[PDB]
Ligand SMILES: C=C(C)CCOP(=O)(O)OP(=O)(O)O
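Quick setup: one chain, the form solved without the named molecule, written in structure tokens, and binding and motion questions come after.
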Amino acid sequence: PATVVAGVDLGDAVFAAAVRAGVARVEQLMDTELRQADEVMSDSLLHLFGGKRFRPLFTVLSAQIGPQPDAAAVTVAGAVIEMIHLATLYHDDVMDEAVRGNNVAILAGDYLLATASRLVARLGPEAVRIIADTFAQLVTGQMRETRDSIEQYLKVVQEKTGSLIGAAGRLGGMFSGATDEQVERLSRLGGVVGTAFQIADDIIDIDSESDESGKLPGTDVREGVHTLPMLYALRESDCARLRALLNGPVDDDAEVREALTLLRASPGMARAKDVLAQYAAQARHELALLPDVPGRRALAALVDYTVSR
């Protein structure tokens, strides 16, 4: 649809086409910079690099609050964020021994990080500082995922997902010339959006309906992984049968559906949906403190998408 960009309906067509071109300049910049890499890199780098490009969208939408939403440096920031995102996927898939092998995945991701660093060097001192501080949080989060278990999970998703989208809002705001106050609100907005996005993803993966990309639920159950609704379910008074299923990876397709209908019917599925609604409210709050401009409506459509996709 002429109003939709990267999976969210932004309203007016002249606005959606402005944002679309912004995301396209991020895309072009990343392809240009990645294609300069030595031949020995090509196979590794381009493998995990199209996309949904949520982070570039967030960066470009954040910049629409500023008086220069199409600043050259907004595109550079967009490319930096997306490259760090892509890089984390490579490194996760090694330590998980994961499908999305581990041959040369450490070095490729390591490149996406060098390259990210190359581009952020163009944005100046504070940007290099912002990104350094962010990547550092991002690691600690994946790290802590590696080990109050509920407090711990929420610290994980704030570090591993929240931080980087926080940085996208901060850099989008800064490089578009937004006020100091607007920069802080887009940063806070980004941190919450990233947190709600991960929790929504975790609920969706238990819900009986198929995901955005048409995927069936149960992956997290199968991989052993403990998500918010499971963490809540485990500490209730039946909850014993759940405990045994969830104790590790589940490979029997009936134990999968067994574990599912056990999770779905748990008070845990209620506690987790409540947590999501609290982060969604926190996001909508930060939105209400932005000016009443088409940029704000677009960011509200993005929150709406985040907490229902």
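Start at 1 with the first residue shown and count on from there.
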Legend entry - Chain break class at residue 147/residue 148 - deposited residues not modelled: 4 to 9
Legend entry - Count class of deposited residues lacking coordinates, residue 237 to residue 238: 1 to 3
Legend entry - Per the entry, higher mean C-alpha B factor between 8-16 and 293-301: 8-16
Inset, instruction - Look over 135-143 and 167-175 in the entry and identify the one with the greater average Cα temperature factor. - result: 135-143
Inset, instruction - Tell me, please, which of 100, 85, 188, 122 has the highest C-alpha B factor according to the deposited entry? - result: 100
Inset, instruction - Tell me, please, which of 104, 200, 80, 206 has the highest C-alpha B factor according to the deposited entry? - result: 104
Legend entry - Chain-relative CA temperature factor third for residue 70: lowest
Inset, instruction - Name the third of the chain's ranked CA B-factors that contains residue 257, choosing lowest, middle or highest. - result: highest
Legend entry - Assigned third (lowest, middle, highest) for the C-alpha B factor of residue 265: highest
Inset, instruction - Ordered by C-alpha B-factor within the chain, which third holds residue 108? Give me lowest, middle or highest, please. - result: middle
Inset, instruction - For residue 33, return the chain-relative third of its C-alpha B-factor as stated in the PDB record: lowest, middle or highest. - result: middle
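This next part talks about the form deposited with the named molecule bound, which is not shown.
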Inset, instruction - Tell me the stretch among 259-267, 274-282, 241-249, 51-59 that has any heavy atom within 4.5 angstroms of the named molecule in the deposited bound form. - result: 51-59
Inset, instruction - Given the named molecule in the deposited bound form, answer whether the residues 70, 122 and 170 all have a heavy atom inside 4.5 Å of it. - result: no
Inset, instruction - Give a yes or no for residue 129: in the deposited bound form, does one of its heavy atoms lie within 4.5 Å of a heavy atom belonging to the named molecule? - result: no
Inset, instruction - Look up in the deposited bound form whether residue 185 has a non-hydrogen atom within 4.5 angstroms of the named molecule, and give yes or no. - result: no
Legend entry - Contact label in the deposited bound form: residue 142 to the named molecule, heavy atom within 4.5 Å: yes
Legend entry - Contact test in the deposited bound form: residue 150 vs the named molecule, heavy atoms, 4.5 Å: no
Legend entry - Residues within 4.5 Å of the named molecule in the deposited bound form, restricted to 156-175 and counted by heavy atom: 160, 161
Inset, instruction - Please indicate which of 74, 66, 170, 196 marks the hinge of the motion between this form and the one not shown, where one rigid part turns against the other. - result: 196
Legend entry - Direction of the Cα shift between residue 167 and residue 211 in the deposited bound form, where the change is 3 Å or more: farther
Inset, instruction - Look at the CA atoms of residue 215 and residue 85: state whether they lie closer or farther apart in the deposited bound form than in this form, given a difference of 3 Å or more. - result: closer
